[PDB]
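Right, one structure below, let's go through it.
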Amino acid sequence: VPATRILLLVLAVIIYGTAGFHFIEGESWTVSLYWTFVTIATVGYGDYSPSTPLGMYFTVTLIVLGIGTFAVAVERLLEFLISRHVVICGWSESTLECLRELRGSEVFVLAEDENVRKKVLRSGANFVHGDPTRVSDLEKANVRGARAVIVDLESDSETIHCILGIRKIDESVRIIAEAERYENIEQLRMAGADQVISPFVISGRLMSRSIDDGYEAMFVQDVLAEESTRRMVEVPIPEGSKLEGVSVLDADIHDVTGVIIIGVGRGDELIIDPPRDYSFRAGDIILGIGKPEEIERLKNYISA
Amino acid sequence: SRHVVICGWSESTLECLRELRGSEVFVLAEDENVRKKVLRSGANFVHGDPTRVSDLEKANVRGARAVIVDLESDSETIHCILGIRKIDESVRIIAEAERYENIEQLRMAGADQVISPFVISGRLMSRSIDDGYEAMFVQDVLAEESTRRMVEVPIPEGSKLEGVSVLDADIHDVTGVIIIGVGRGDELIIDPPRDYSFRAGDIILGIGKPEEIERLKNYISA
Amino acid sequence: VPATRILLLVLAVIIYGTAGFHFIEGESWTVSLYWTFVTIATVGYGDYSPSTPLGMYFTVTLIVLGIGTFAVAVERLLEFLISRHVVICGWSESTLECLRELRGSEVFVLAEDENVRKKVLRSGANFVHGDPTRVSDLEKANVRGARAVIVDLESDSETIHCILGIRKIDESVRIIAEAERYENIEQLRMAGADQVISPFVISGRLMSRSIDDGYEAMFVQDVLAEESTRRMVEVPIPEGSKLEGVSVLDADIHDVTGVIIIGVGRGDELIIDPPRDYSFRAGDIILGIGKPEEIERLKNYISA
Amino acid sequence: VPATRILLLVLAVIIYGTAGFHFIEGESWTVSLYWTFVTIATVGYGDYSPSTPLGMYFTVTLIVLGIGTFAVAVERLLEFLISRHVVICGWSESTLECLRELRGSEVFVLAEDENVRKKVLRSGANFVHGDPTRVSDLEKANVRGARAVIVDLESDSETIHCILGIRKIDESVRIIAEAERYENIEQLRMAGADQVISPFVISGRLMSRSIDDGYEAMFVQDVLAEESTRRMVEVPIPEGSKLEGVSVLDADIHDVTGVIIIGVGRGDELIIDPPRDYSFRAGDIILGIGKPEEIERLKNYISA
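Protein chains in written order, with the entry's author numbering: chain B, 18 to 99, 115 to 336; chain F, 115 to 336; chain C, 18 to 99, 115 to 336; chain D, 18 to 99, 115 to 336.
As structure tokens, then:
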């Protein structure tokens, strides 16, 4: 029964009880209203009660008509009383490890399966039931106010559909997609994903390079883990630093600090192992590998 | 050299078979309907069940040099690894973990190298919320088309760097190769300290242009 | 709704009611707390009640906000107030008959399907929902303290995986497995199973030995059924018995007791039809067939 | 929770409340018992109530521990205070028309589908949920006390399994089975069905005989319908009639009555169009076609 109808029914009982007690027993409107609540809630203090046969009969009628109505009303009332975030579309193993690495941030999960809510709520993320390809269910999960949306659906067609729905909602949010097949990388970039992470291509190239000796797979799976002594972090060159215009050959960052400068990125372009006459700017993102003491020393070296 | 056996068929083994053009590959899988897509990649197809020791001994595991095990689930991968270790106890096994919990079980069961793609994908997803230079680095250093290549260069016996520390060797200014790790045996030391003295038999893992790779090979030559 | 949240909500109602009655009606904090419980539980003794219009209005608000909250709280409270075990991994026919014979003990059935819950609880076992290959879902089902774990899963690879998981958890528990194929008996024993039972090998050998006349299948399926007259019993030799150091030729069990000595066991080995020079020891297990009167005569025969 | 455990729990609450009120508030054991019931039932007359702070605290504890316990107890108590038939196994169209023709008799329906209960209860038959091949579900539907069991399952293997289950329960009941394929008629008779009705063989032979002109299909579908003027009924020859030893050539039943004697059956054998020297007996079942006036005339002619 709609909650609003139950509201009207309980109000009608309240009017009936209050008017009846007032007219039959002669108590004030306020006392009569109070007595009606006390009676239909089954509290029954007995500070007020009928003293006439008509009042006794009336009270039995109010008991029968009112107690059930009030009970249903209170239970319905119960129901109504009782940087930014990251939205994850779909539930897989890749999103499971991403949600493991995303502790401390607010994470929504938009998935179709209802029987994953226990593992989503145990991993530390709010679960939003829905279809990620539909714009209304995409919208509910707060895609507008997010800072990044991570799309990992069952196929590449559904992933492209989800990316186009998110681009219909917000044209400025960041989309991180996952390619299940190799040839759909450029199509997932055409749809609007800001970065496409193809795990089976990385896995196949590591399994191909691990025939002779597997040092490349050890390097990748060790520096991506936040458990080793060396960590891959990106330091930015601040506005007004000592390094503007200075090339990497004049800098010798590995000589003065001890971090390994493996790449310098600007915008959305990265040049791995840059040549010696590459002139630094303000805003270039330095990608390096070193211990956190060396990382703090590198931050103190490139300071303003 | 010898052949390479691939047990099971998926996308990981498909890209691994693409990167193994020029070599001999036996593919062992239950599906008969993959014979064209195996055979168009230059691989000899062998029908069978990879978990069974008879269908394993069909596909020449004894004479192989490396076995790549990527089956449909992780229990099947551990069963097939046990079936391989029944036959040849010293062949190199490269597995693939579909779950993070099963890596120590796949290494206890006998796999020399366990490569878990979903853990790498989750860690590259979570680190690309701000900007994805790490995922760009990982996905661009592995492709065999780019300008810079990650290579393994062995140190020969009688070289010029026996006992020489990495500070006095001065690899980056002389050659141009970024030295990200020096490996030995079954350990890899990423960013080795300045007191690290080399040994004849170490593996230098580096990144550089192929001219710098030739200069590094001519620089460490005996 | 989580039980702890309901706890907070009812506490908030209690604070609201107690403070309100104290300030509006002027009763002590203790009386006000008592009145609040009496009211929101709908007991309503009427020893205390509001005597002012404001108190009457306040009481109606407490009735509406508090009665439902208290009702939900008490029902949630209800739930918390209201040898060793055996774990069975997987649900099939073999584990069903094993559960039929294992009445009286505590059995935890770990299974992937949720629809097997009613038949597991009707067979007399506590159902634990989970995946038997996962290590955490094994540790949920109390594998650490059990005295035997029975593994029978869908395939043989899943059985080897569950055995490896149990051996990662506990290195002392007894594992009984079921092999689907003849080739995997040695792999299941290497992976750590204390006993491997292969039903299809027994069935194939009985079907091949039942061509001429099937007395072998009748013998096996009659001595294993605990409804016949004869039972296959294991009778252990105690320390200090009369038979330490006698041969089985000189002991002469069958004519003096009535049992049939088909085999003797020690540790993890079994000697079927032991030769006459076999000298008995202490701690040996005697495997025999006989009527229970003969079994008790053999038990009194081997006493200290 | 077992009803008896709930009983113990409520008794324990009653002891707790009664002893507490007696010792803390000093009322008699009888008054204390009465107060405890009045309180945990939430009646709360207020003729007795605590007057000490300890009594107030105790009463709040009794309210919390007792109201839920009493509520669960009363609801459990509620539960304890508050020719032959024809069993049909399976639900099809043939059983639907059979259930249409079986009005006025008590019909059970044993079927696996839960979402047929509305049409079974609308057709006038009690629905028994279950698997017809299982002996326990066969048993529940009262196969023992039935007079006929009608088996119409999805295939012939399930039909034979159901027939063998019914023959395991009762070896004297009547089984009417339906063959889905032609070659399984003798196997459905071997399993134990008393009569096998193969509808697709009848339909195929009528569709084969209806090429030229369809008088045979009109005859069959008209005399089987209880709507025409002529009806196919079986009259039995009573013990001690005028027709014993008299042949059909000496009888001339069609001359004296007007029914068409198309067959005479004994036991489970029927001879269609019997020859002239066929001697009648007592117990032979006459199969004829005629108007009900001719049927009553035939009953009056063969009387004792």
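We treat Cβ as the ideally placed atom computed from N, Cα and C, and that holds for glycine.
query                                                                                                                                                                           : result
Hey, which unbroken runs of the alpha helix (DSSP H) at 4 residues or more fall wholly within the stretch 147-187 of chain B?                                                   : 149-155, 167-172
For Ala20 of chain D, which residues from the same chain have a beta carbon less than 6 Å from its beta carbon, with the 5 sequence-adjacent residues on both sides left out?   : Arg93
What distance in whole Å lies between the Cβ atoms of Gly156 of chain F and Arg176 of chain F, which are believed to be in contact at a cut-off of 8 Å?                         : Actually they are not in contact, since the Cβ atoms of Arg176 of chain F and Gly156 of chain F sit about 23 Å apart, beyond 8 Å.
Give me the Cα-Cα distance between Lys274 of chain B and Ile327 of chain B, rounded to the nearest whole angstrom.                                                              : 17 Å
Using a Cβ cut-off of 9 Å, pull out every chain F residue sitting near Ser124 of chain C, in sequence order please.                                                             : By Cβ distance, chain F contributes nothing, its closest Cβ being about 17 Å from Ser124 of chain C, past 9 Å.
Please name the residue in B:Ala314, B:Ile321, B:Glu325, B:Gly322 whose C-alpha comes closest to that of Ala336 of chain B.                                                     : B:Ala314
When the cut-off is 8 Å and only beta carbons count, does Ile304 of chain B lie next to chain F?                                                                                : yes
Just mark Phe97 of chain D as buried or exposed, buried being the case when its beta carbon has 16 or more other beta carbons within 10 Å.                                      : exposed
Would you check if the distance between the CB atom of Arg262 of chain B and the CB atom of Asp305 of chain F is smaller than 8 Å?                                              : yes
With DSSP as the reference, identify every bridge partner of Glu266 of chain C, one or two as the case may be.                                                                  : C:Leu319
Taking just the CA atoms, how far does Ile234 of chain B sit from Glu125 of chain F?                                                                                            : 11 Å
What residue does the alpha helix (DSSP H) around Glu325 of chain B start on, and which one ends it?                                                                            : 324-333
Using 8 Å as the limit for Cβ to Cβ distance, is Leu134 of chain C near chain F?                                                                                                : no
Kindly list, in the order they appear in chain F, the residues whose Cβ is closer than 7 Å to that of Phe232 of chain B.                                                        : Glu125, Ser126, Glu129, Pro231
I'd like to know whether the C-beta of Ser204 of chain F is nearer than 8 Å to at least one C-beta of chain B.                                                                  : no
Express the C-alpha separation of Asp145 of chain C and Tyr310 of chain C in angstroms, rounding to a whole number.                                                             : 51 Å
Do you know how far the Cα of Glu129 of chain B is from the Cα of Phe40 of chain C?                                                                                             : 54 Å
Nearest by alpha-carbon distance to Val278 of chain C: which of C:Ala249, C:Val288, C:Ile208, C:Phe312 is it?                                                                   : C:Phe312
Taking beta-carbon pairs under 7 Å, can you tell me which members of the stretch 51-67 of chain D lie near chain C?                                                             : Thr56, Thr59, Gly61, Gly63, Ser66
Assign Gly277 of chain C to one of three DSSP states: helix, strand, or coil.                                                                                                   : coil
Which residue from B:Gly37, B:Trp52, B:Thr76 puts its Cα closest to that of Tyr65 of chain B?                                                                                   : B:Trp52
Within 10 Å of its beta-carbon, does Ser242 of chain C have 16 or more other beta-carbons around it, so buried, or fewer, so exposed?                                           : exposed
How many angstroms separate the CA atom of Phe54 of chain B from the CA atom of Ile31 of chain B?                                                                               : 7 Å
Counting contacts by CB-CB distance shorter than 8 Å, is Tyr247 of chain B in contact with chain F?                                                                             : yes
From the beta carbon of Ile207 of chain F, is the nearest beta carbon of chain C less than 8 Å away?                                                                            : no
Which of the three DSSP states, helix, strand or coil, is assigned to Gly224 of chain C?                                                                                        : coil
Could you tell me which residues DSSP puts in a beta bridge with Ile120 of chain D?                                                                                             : D:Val141, D:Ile182
Please list, in chain order, all residues of the same chain as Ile84 of chain D whose beta carbon is under 7 Å from its beta carbon, the five residues on each side excluded.   : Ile57, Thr59
So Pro164 of chain C packs on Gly122 of chain C, CB below 8 Å; how close in whole Å?                                                                                            : 6 Å
How many angstroms separate the CA atom of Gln253 of chain F from the CA atom of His117 of chain C?                                                                             : 51 Å
In chain D, which residues lie with their C-beta within 7 Å of the C-beta of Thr47 of chain C?                                                                                  : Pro70, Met73
To be precise: take each residue of the stretch 270-300 of chain F, compare its Cβ to all Cβ atoms of chain B, and keep it if any distance is under 7 Å. Which residues remain? : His286, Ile292, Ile294, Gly295, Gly297
On the DSSP letters alone, give me the boundaries of the beta strand (DSSP E) that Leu302 of chain C sits inside.                                                               : 301-304
Taking the straight line between their C-alpha atoms, what separation do you get for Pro270 of chain C and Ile334 of chain C?                                                   : 8 Å
Spell out whether any CB of chain F is found under 8 Å from the CB atom of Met250 of chain B.                                                                                   : yes
Is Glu248 of chain F buried or exposed, if buried means 16 or more other CB atoms sit within 10 Å of its CB?                                                                    : buried
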